[PDB]
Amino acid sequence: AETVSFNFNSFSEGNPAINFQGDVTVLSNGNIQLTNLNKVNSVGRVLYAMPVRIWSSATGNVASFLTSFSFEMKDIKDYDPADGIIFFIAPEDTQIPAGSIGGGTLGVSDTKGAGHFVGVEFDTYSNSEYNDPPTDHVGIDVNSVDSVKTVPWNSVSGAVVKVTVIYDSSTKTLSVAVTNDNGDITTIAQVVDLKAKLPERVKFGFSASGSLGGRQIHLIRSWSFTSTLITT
């Protein structure tokens, strides 16, 4: 089988294994801070530098993957705690949308909320322009921040959240488990055909953004990943 795996317990600029885009910054504690609290419509994204082959045009096989990461969002006096973080998968040449307004676009979509990507968002502000639920929520996005499906969630300021994601190639099911600070878990799952939505080689990463009045701390603390593609 074709397996790719990595595990970061701390990050650092200068590490060739990671690409940085936008206002991203690496704190002295190894944490990744995606947005710049002093910029309007800030957008920051981080990606595993090496593209991963999720499916094969030769065999038609699609990869299965297991990934978990931990992040932290915290309020700052005195802006609206927004907009959130999104774990995404996109073409290997993915870039921050030209003329990105950040905000509710989470740094992956245009003003209409469209883009080429599949992801799991941890959304902390309700943008009616993208049909968001009225509360904080976790959502599965397929080429749009107008989530295909969402589940109520609660973003606790300063709390460390743990996430586990499993993609089963056979059933094409993407299931997500979010462990909150207080111990409660939140789950959401959706059938998503990566073969039909994305190219053979993609990049995995995290993105976050803010607006003029919407800003908050977006930190990525750790990230382990393993994908296995059966080549037969």
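For every residue, the number given is its place in the sequence shown, counted from 1. Think of the rigid core as the biggest set of C-alphas that the two forms share within 1.5 Å after superposition.
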Note: with structures superposed on the core, the stretch whose C-alphas sit farther off in 8 other deposited structures of this protein, 109 to 117 or 93 to 101, is 93 to 101
Avg C-alpha B-factor, entry values, 60 to 68 vs 36 to 44, higher side is 36 to 44
Test of understanding: from the entry's C-alpha B-factors, which stretch has the higher mean, 23 to 31 or 202 to 210? 23 to 31
Which of these has the highest Cα B-factor in the record: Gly107, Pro91, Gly113, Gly139? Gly113
Options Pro133, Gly158, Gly84, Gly119 - largest CA temperature factor per the record: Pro133
Sorting by Cα B-factor within the chain, modelled residues only, which third would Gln190 end up in: lowest, middle or highest? lowest
Lowest, middle or highest third of the chain for the C-alpha temperature factor of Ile217? middle
For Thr164, return the chain-relative third of its C-alpha B-factor as stated in the PDB record: lowest, middle or highest. lowest
Test of reading the entry: by CA B factor among the chain's modelled residues, which third contains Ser170? middle
Sorting the chain's CA B-factors, does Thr232 end up in the lowest, middle or highest third? highest
